[PDB]
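Working notes, structure below.
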Amino acid sequence: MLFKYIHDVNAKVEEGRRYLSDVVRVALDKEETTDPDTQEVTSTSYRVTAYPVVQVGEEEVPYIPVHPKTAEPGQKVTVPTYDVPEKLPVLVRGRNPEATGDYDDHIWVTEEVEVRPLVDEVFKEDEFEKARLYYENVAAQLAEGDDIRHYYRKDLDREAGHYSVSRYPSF
Amino acid sequence: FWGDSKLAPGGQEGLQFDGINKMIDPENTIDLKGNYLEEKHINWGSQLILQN
Amino acid sequence: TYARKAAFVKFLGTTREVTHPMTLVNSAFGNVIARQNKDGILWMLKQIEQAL
């Protein structure tokens with residue numbers, strides 16, 4: 001992971017089905033396709049992703065102080081580690097099959113659902129700056145304090161002003 | 001007093017309507033076990049109704 | 001013979017955005033908010049027409 005970013009979302013965002021966790025990780029990494037016969041790269045690409053992660057442990061990293069603070073030559077700080085979970089819980093209304101009356105019929109039950117990436121995009125080798133802009137835009141959208149809303153990319157859109165093709169139903 | 005609407009075969013709907021003995025929740029029951037009705041049982045039932 | 005039927009209401013919408021500096025510059029084609037509203041209304045009209 002060339003770039004990595006950890007953001008803490010609020011209760012309104014966590015309530016959604018796409019943000020069932022409380023921490024979001026944004027990453028940018030480079031992929032290489034290797035020739036099966038001999039080690040020789042054939043194609044290269046950059047990937048921008050975003051997953052809801054959960055804490056699994058801790059580790060020690062160098063301390064980087066900010067303006068008011070000052071650090072020792074060998075000062076270190078401990079930060080948590082994150083991983084992508086397989087499933088996350090939800091709370092949905094239900095009914096008790098063996099309710100004896102009118103007071104124990106309606107209840108709440110918990111279910112597990114599959115976790116899917118928030119963002120998954122692929123960029124070519126000669127488009128590093130566009131990938132960097134996309135990653136920065138995702139980070140800014142998360143910093144604004146709401147859900148990720150803009151996924152538009154100019155390269156993958158259909159032509160504009162071609163009335164003979166855009167007249168067909170799209171809903 | 002003694003109605004019951006589930007007397008059809010298989011426990012289906014019958015021709016009667018439920019009475020006080022059946023509409024009352026099964027939890028709200030005091031069993032005297034074949035004894036007399038003392039004065040404290042009135043308080044027992046009163047609290048059993050007050051707690052709702 | 002008689003019957004009873006039900007119909008379910010659905011929802012349609014779209015969102016338009018304009019930046020703050022764009023509202024301060026001079027415009028050659030009138031106000032821009034009205035243009036955005038007109039475009040949104042016409043787009044919604046077409047979507048409804050084909051969804052029908």
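Since every read-out is calculated from the coordinates, none of them should be taken as a lab result. Every residue, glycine as well, gets a Cβ built from its backbone with ideal geometry; the counts of neighbours run over all protein chains shown.
Numbers below:
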quantity: Assigned charges on the beta-carbon of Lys, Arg, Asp, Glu; chain A dipole about Cα centre (debye); calculated: 680
quantity: In the stretch A:25-117, GluC sites (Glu not before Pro) in a DSSP loop with at most 12 other beta-carbon atoms within 10 Å; calculated: A:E40, A:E86, A:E98
quantity: If the convex hull is drawn through the Cα atoms of the protein assembly as shown, its volume per residue in Å³; calculated: 498
quantity: Scattering profile of chain B at q = 0.16, 0.17, 0.23, 0.24 Å⁻¹ [log10 I(q)/I(0), Debye over alpha-carbon scatterers]; calculated: -0.65, -0.70, -0.91, -0.94
quantity: Those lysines that a straight Cα-Cα span of less than 28 Å connects to B:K33, excepting residues fewer than 8 apart in one chain; calculated: B:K6, B:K22
quantity: Global form of the stretch A:39-109, assessed from the alpha-carbon gyration tensor, a/c cut-off 1.5; calculated: oblate
quantity: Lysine pairs in chain A with Cα atoms under 29 Å, if 8 or more residues apart or on separate chains; calculated: 16
quantity: Approximate shape of the stretch A:79-122 as ellipsoid semi-axes (Cα gyration tensor, √5λ), whole Å, largest first; calculated: 37, 13, 7
quantity: Karplus-derived 3J(HN,Hα), 6.51/-1.76/1.60, for each residue of the stretch C:25-40, Hz, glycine and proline x; calculated: 7, 6, 10, 8, 10, x, 5, 8, 5, 4, 4, 4, 4, 4, 4, x
quantity: Largest-first ellipsoid semi-axes for the stretch A:42-171, taking √(5λ) over the Cα gyration tensor eigenvalues, angstrom; calculated: 38, 35, 15
quantity: For A:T110, A:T49, A:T38, order by how many other beta-carbon atoms lie within 10 Å, fewest first; calculated: A:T38, A:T110, A:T49
quantity: Relative contact order (%) - chain A, alpha-carbon pairs under 8 angstrom, separation at least six; calculated: 21
quantity: Sequence of B:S46, A:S45 once ranked by neighbouring C-beta atoms within 10 Å, starting from the fewest; calculated: B:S46, A:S45
quantity: Relative exposure of C:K10, A:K4, judged by other C-beta atoms within 10 Å (fewest first); calculated: C:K10, A:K4
quantity: Sequence-separation-based contact order of the stretch A:46-92, relative, with Cα cut under 8 Å and 6+ spacing, percent; calculated: 46
quantity: Proximal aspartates and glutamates relative to C:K38, as straight alpha-carbon distance under 18 Å, when same-chain residues fewer than 8 apart are discounted; calculated: C:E17, C:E49
